[PDB]
Amino acid sequence: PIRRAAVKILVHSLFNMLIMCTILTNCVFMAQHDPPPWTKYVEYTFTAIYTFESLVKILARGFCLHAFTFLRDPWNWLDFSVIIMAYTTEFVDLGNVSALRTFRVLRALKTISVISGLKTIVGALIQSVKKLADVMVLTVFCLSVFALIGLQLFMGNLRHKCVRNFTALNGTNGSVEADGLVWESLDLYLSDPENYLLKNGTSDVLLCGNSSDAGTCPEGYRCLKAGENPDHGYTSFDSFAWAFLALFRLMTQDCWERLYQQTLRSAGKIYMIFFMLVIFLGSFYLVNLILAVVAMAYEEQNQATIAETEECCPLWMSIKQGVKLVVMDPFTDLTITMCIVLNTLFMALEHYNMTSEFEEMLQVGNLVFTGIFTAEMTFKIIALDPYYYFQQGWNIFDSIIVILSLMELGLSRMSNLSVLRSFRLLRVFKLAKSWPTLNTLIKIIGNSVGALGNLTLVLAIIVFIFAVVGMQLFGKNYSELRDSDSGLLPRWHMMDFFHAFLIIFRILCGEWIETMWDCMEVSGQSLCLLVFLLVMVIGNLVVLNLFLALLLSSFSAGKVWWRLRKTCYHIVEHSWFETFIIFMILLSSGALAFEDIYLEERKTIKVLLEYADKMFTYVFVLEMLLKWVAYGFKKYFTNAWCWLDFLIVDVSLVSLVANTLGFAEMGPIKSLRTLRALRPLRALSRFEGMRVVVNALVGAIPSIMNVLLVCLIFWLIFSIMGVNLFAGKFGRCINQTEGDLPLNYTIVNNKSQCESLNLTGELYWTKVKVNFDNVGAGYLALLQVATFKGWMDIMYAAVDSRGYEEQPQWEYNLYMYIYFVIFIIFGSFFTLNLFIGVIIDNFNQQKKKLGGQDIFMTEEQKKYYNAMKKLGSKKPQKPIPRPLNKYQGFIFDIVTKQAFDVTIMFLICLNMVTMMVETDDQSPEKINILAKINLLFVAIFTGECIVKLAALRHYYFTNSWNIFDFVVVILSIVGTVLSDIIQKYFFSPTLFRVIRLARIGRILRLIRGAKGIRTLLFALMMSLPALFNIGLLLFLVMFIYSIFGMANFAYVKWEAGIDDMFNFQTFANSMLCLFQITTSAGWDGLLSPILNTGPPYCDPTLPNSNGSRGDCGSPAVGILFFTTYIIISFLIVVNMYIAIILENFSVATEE
Ligand SMILES: C=C[C@H]1CN2CC[C@H]1C[C@@H]2[C@@H](O)c1ccnc2ccc(OC)cc12
Ligand SMILES: *[C@@H]1O[C@H](CO)[C@@H](O)[C@H](O)[C@H]1NC(C)=O
Ligand SMILES: *[C@@H]1O[C@H](CO)[C@@H](O)[C@H](O)[C@H]1NC(C)=O
Ligand SMILES: *[C@@H]1O[C@H](CO)[C@@H](O)[C@H](O)[C@H]1NC(C)=O
Ligand SMILES: *[C@@H]1O[C@H](CO)[C@@H](O)[C@H](O)[C@H]1NC(C)=O
Ligand SMILES: *[C@@H]1O[C@H](CO)[C@@H](O)[C@H](O)[C@H]1NC(C)=O
Ligand SMILES: *[C@@H]1O[C@H](CO)[C@@H](O)[C@H](O)[C@H]1NC(C)=O
Ligand SMILES: *[C@@H]1O[C@H](CO)[C@@H](O)[C@H](O)[C@H]1NC(C)=O
Ligand SMILES: *[C@@H]1O[C@H](CO)[C@@H](O)[C@H](O)[C@H]1NC(C)=O
Ligand SMILES: *[C@@H]1O[C@H](CO)[C@@H](O)[C@H](O)[C@H]1NC(C)=O
């Protein structure tokens, strides 16, 4: 009949191309927010084509009882759902919320079954998510335990406002409050935002606390616990639903600097030990354990797929011969390859305000280089036939560069897109032939756009699907809700398609929570919670699996003098000598932590460090002099540790001689005695473990220099492009009293209008501090944009662009967002990819050079691993319990059952649930019942404890979990009984808490029985020594930068990032700033006051107690400080990853 004819229609490639064109056109139509009534045509034609497509399918593959074909296929259920949805929506609507249309988008998802083997990529992603399966349950377990720690420590401990003083006024029945105006009731007084403190600069609310460590109220306001909440209401640490969210954003490190720059301000500064626990065990470990299992899963399935796949004539001749002979000269190769270096150095010289004849010489330069390159093209075309010249990797690229640089330049009188200057700028890639590392960065991009080119297309589909789902759902809600006062939407709304795309792009970048707040403020918590977690899990799974795909695809491809020498060698061999030396180095290093801004008033102890310093110098000088003739110059100067000690002793001696003898305080002697912060590095050679760590990092130095040169020469492209696009355009005229807001563009148009109207000295024309003016200044902007910290003020200054030197305007240059999108996709992403891919290979071949293959490992810890691996490998043979008596002999008949063990195991989860239900400011009804059932559970567990003790005499204390069980029992006993002694004591908002935390020791009995948690947690218990060893070096580097910063960065102005409690004024306050920068979190705000100068934003000639004047930090050391601390921290934090993945692979491939 025609069924054989419908099968003939179904198998066309033209039919699949037609369905592709229809799906893509409907994708273009569904991504408009405001459809006009011309959609009577197109929507009916789409639902006609989608009718015709499904009819062709069901005529071939139907009849009635199809459980075998067309409906056991899962991708056709969506196609059937779409057409039945269109047919059930085109008669009559039932609920007119008009959110019905979104399911229509499921049209855009149908193209996964239509294009190619994209149907296999989604199956592989589902295989990897299925493969995780234990990391997820331990993630929710550790987030549960740490959330309960955060409750029993921090309950209600984050609502603290710094309210104004009041009085009960003794004149009414009730609670009248006096603020200089009458106020009714205490409760209504504490609820009005007329009594609170705005922080300086911002518009947050100030937080305080009764503790001695915490933030302090000013001279007239009171620190007490009464208000709404912080951020918008979504950041309190009570109410375990919110504690799980707060510790989850803690785990993915989104804006957590703001979480604990609000926690430590209220709870006291001693609680950064909790954040040092969760950042170094929750975030850095659980995040770096997801990646290991995903990478091992990908490598396993890729290995399986590879394994399964494996199973006229005279003039022409004379002129041609000579030119050809010239062309293959390896010396003429050199004078062009080293000539493009001159061009890219000549274009990286075009700065911000050229001096009107400098620009002419630069144009003449570009013209000369263009002539040199075109002459080369002509000589190589004459050199050999143009069909032979247009062959292979490198001549058509050079032809395209010449014909683009030539044609646009020939359009001499031009409108100018500014791109044309760029057209020449693309030529930097030409030296990838010689350079063996830009070859690999070209291979990564070519591997992403066409050997892994479908997996980026799945990502382009998924980003588009979420940007349409969000635009259809959340789009109308933003409209009148947004504040205006002009007609003015926010920066990160979702009404358009483009803003809807950027807000998904941010969640891919890792910044998701300030959009959840702006979304929950209009759309309710339920939808907005769901969408922005699905985007985060699905999108980061896709982006991460793409990242690992690229990385794997890349790196997959006088005879008493002799006795006098020996007796002096005998004293440095004598162990008490270096035992004295270690304690002397530690004391000499820690003693200079007292150098702070309180050493002027601490006048007494100030001299005690002078004597100490001038004693330590003499001891170390005697040390070097005593080691000299004990070892000889040959053994001493060829050790490369003794050069470090010799350099430090030399610095101390120069400082000493200049200080004592020459009255040498004259000039840069102060800048030389700043350099005595390097004294901790004497310990770097003596603790054997940090010697092992610095050997492992010194060995992998030369690769880092290569990849950093590649990243420098590759960001040079975008820096010259950013100078070409945005030089001078970041110039803002500012009303001074309001501080930090750009002026209206309708009353001040140009800089002429700004500097023309200071009849009063108010208006200041300031640059954004991180501008693109120089090529060197543009590199720091690229560093802030690439590290995902600080880019807001860069993008908002770029998008606001309007001219050359004239006021910015709210969205006058909107589409410049795609420039930073291109930079984050190319620069950050592929840079990081190449960077991790280089380091992994370097550490792998460094392991492939040694003996004992464990790196980051001292010898004694290598002896420890061999005994620690004997503990739990391969399941031990076990003895079986036997009765002894008739009395207790029938008890273990009830106890040793498998039903009793799971009875305890699901009874203790109920004991967890009764811990989860706690709240702040509950009711007195609840504490009584909850405290009664508190003792009830303890009674049950103590009962079964004593039963199992008396049931087995020596067989109790064997399993080493059962010891832990009795320990948790006696901890629960003390935690219940002590509670009654608190009343006759000192202040206890927090002493009872640290006693109450011992009930969480019950929760750690759930891991007895979960093999997916015991295995993967013993993988860290086996990984503690290398983690400890890297940690020493991390603390040491933290210590050295703390002293340099405390020497340099004290007495800066306080603003964006440097408040009264996170500053470089003492050692305790400096450790906290460097701890938040150790995770790269928020270093943008510390640098922003350091880059100041004369007015505004700072003030020189400031009265200063330390004998140093000024209040303005210096940008030269301020940039250097942060920009080398980030890289050093990154490296180490990249070591940690290598140690974790080594111990994971060893346990996994072991059993
Ligand atoms: C959970 C950790 C992942 C998140 N970032 C990318 C991969 C890892 C590590 C890194 C981050 O932890 C990090 C640590 C230390 N220094 C960094 C410096 C820059 C950076 O770019 C966002 C991330 C850094
Ligand atoms: C309240 O006012 C009365 C006088 O009207 C005075 O005697 C009393 O001491 C006051 N009490 C307080 C607590 O102010
Ligand atoms: C307050 O005092 C007045 C007397 O003027 C009385 O009528 C009223 O009941 C009192 N308030 C309360 C809550 O009892
Ligand atoms: C505000 O109350 C506090 C009590 O903590 C007190 O120390 C302070 O002196 C009061 N301020 C004024 C202006 O009375
Ligand atoms: C601090 O203590 C005072 C009295 O000891 C109390 O009235 C106040 O509410 C407390 N504030 C906080 C934040 O605990
Ligand atoms: C700067 O701000 C102050 C206070 O808002 C205002 O009075 C002044 O007019 C502003 N300057 C100019 C030039 O308008
Ligand atoms: C600046 O803009 C104003 C328009 O308000 C115009 O009159 C003036 O000529 C411009 N000056 C410069 C230097 O661009
Ligand atoms: C405005 O004029 C005052 C004159 O006192 C000057 O201090 C300030 O630098 C000027 N600002 C600009 C942008 O011209
Ligand atoms: C600047 O002022 C005008 C007043 O005519 C206002 O309409 C405009 O919205 C303001 N600019 C911005 C970016 O709000
Ligand atoms: C906040 O501003 C006030 C007044 O401008 C100042 O006295 C104080 O030192 C500032 N800094 C704080 C509270 O950290």
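We're sticking with Swiss-Prot numbering for chain A, so the shown stretch reads 119-429, 699-944, 1188-1781, in order.
Structure method, as recorded: electron microscopy, 3.3 Å.
Even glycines carry a Cβ here, placed using N, Cα and C.
The feature transmembrane segment is assigned by Swiss-Prot to 130-149 (among others).
What Swiss-Prot records for 158-179 (among others) is transmembrane segment, and it gives similarity to another entry as the kind of evidence.
Packing against the transmembrane segment (189-209) from elsewhere in the chain are residues 165, 168-169, 171-172, 175, 218, 221-222, 224-225, 227-228, 230-231, 237: each is 6 or more residues past its ends and has a CB under 8 Å from a CB in it. Marked as transmembrane segment by Swiss-Prot on the basis of similarity to another entry: 189-209 (among others).
The topological domain 'Extracellular' annotation in Swiss-Prot covers 210-216 (among others), and the record cites a curator's inference as its basis.
Marked as N-linked glycosylation site by Swiss-Prot on the basis of sequence analysis: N214 (among others). In sequence order, the list of same-chain residues 6 or more apart from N214 (N-linked glycosylation site) whose Cβ falls under 8 Å from its Cβ is empty. Under the DSSP three-state reduction, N214 (N-linked glycosylation site) is assigned to coil, being neither helix nor strand.
The transmembrane segment feature in Swiss-Prot is assigned to 217-236 (among others).
The feature topological domain 'Cytoplasmic' is assigned by Swiss-Prot to 237-249 (among others). Here the topological domain 'Cytoplasmic' (237-249) has Cβ contacts under 8 Å with residues 193, 230-231, 411-412, 415-416, 419, 841-842, 845, 928-929, 932 of the same chain, all six or more residues outside its ends.
What Swiss-Prot records for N291 (among others) is N-linked glycosylation site, and it gives sequence analysis as the kind of evidence. Residues near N291 (N-linked glycosylation site) in space but far in sequence (CB under 8 A, at least 6 apart, same chain): none are found.
Sequence annotations record features per position, and here Swiss-Prot assigns N-linked glycosylation site to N318 (among others). In the three-state DSSP assignment, the secondary structure recorded for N318 (N-linked glycosylation site) is coil.
The N-linked glycosylation site annotation in Swiss-Prot covers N328 (among others) and is backed by sequence analysis. Of all Cβ atoms in the protein chains displayed, 14 besides its own lie within 10 Å of the Cβ of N328 (N-linked glycosylation site).
Annotation source Swiss-Prot lists topological domain 'Extracellular' at 379-386 (among others). Packing against the topological domain 'Extracellular' (379-386) from elsewhere in the chain are residues 271-272, 275-276, 278, 325-327, 329-333, 348, 353, 355, 393, 1689, 1691-1692, 1702, 1706: each is 6 or more residues past its ends and has a CB under 8 Å from a CB in it.
Through the fold, the transmembrane segment (387-413) approaches residues 246, 249-250, 253, 256-257, 260-261, 264, 267-268, 271-272, 331-332, 365, 368-371, 374, 378, 381, 931-932, 935, 939, 1646, 1650, 1691, 1698, 1702, 1705, 1709, 1763, 1766-1767, 1770-1771, 1774-1775 of its own chain, all at least 6 residues removed from its boundaries and within a Cβ separation under 8 Å. The annotation transmembrane segment is assigned in Swiss-Prot to 387-413 (among others) on the grounds of similarity to another entry.
A sphere of 10 angstroms centred on the C-beta of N740 (N-linked glycosylation site) encloses 11 other C-beta atoms. What Swiss-Prot records for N740 (among others) is N-linked glycosylation site.
Beyond its flanks by at least six residues, the transmembrane segment (747-769) meets 706-707, 710, 713-714, 723, 726, 729-730, 733-734, 736-737, 741, 776, 782, 785-786, 788-789, 792-793, 796, 811, 814 of its own chain at Cβ-Cβ distances under 8 Å. Feature annotation from Swiss-Prot assigns transmembrane segment to 747-769 (among others); the stated evidence is similarity to another entry.
Feature annotation from Swiss-Prot assigns topological domain 'Cytoplasmic' to 770-775 (among others); the stated evidence is a curator's inference. Proximity of distant same-chain residues to the topological domain 'Cytoplasmic' (770-775), defined by a Cβ-Cβ separation under 8 Å and at least 6 residues beyond the stretch ends, is recorded for 707, 710-711, 713-714.
The topological domain 'Extracellular' annotation in Swiss-Prot covers 797-806 (among others) and is backed by a curator's inference. Note: the topological domain 'Extracellular' (797-806) comprises 2 helix, 0 strand, 8 coil (DSSP; helix = H, G, I, strand = E, B).
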Close approaches to the topological domain 'Cytoplasmic' (1641-1650) from elsewhere in its chain (Cβ under 8 angstroms; 6 or more beyond its ends): 251-253, 255-256, 259, 403, 407, 1502, 1657, 1770, 1773-1774, 1777
Segment-segment contact (the transmembrane segment (1651-1679); the transmembrane segment (1529-1547)) at 3 or more Cβ pairs under 8 Å: no
DSSP-derived helix, strand and coil totals, residue by residue, for the topological domain 'Cytoplasmic' (1471-1528): 26 helix, 0 strand, 32 coil
For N1365 (N-linked glycosylation site), the one of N740, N1380, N1388, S1503, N1736 that lies nearest, given that the recorded positions are compared by Cα: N1388
Distance [Cα-Cα, Å, rounded] between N1388 (N-linked glycosylation site) and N1736 (N-linked glycosylation site): 37
Sequence-ordered recorded positions from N318, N328, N864, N1365, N1380, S1503 with Cβ under 6 Å of an atom of ligand 10: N318
Local Cβ density at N1374 (N-linked glycosylation site) - other Cβ atoms counted within 10 Å: 13
Highest-contact recorded stretch vs the transmembrane segment (1620-1640), from 217-236, 913-941, 1529-1547, CB pairs under 8 Å: 1529-1547
Within the topological domain 'Cytoplasmic' (1641-1650), residues counted as helix, strand or coil by DSSP: 10 helix, 0 strand, 0 coil
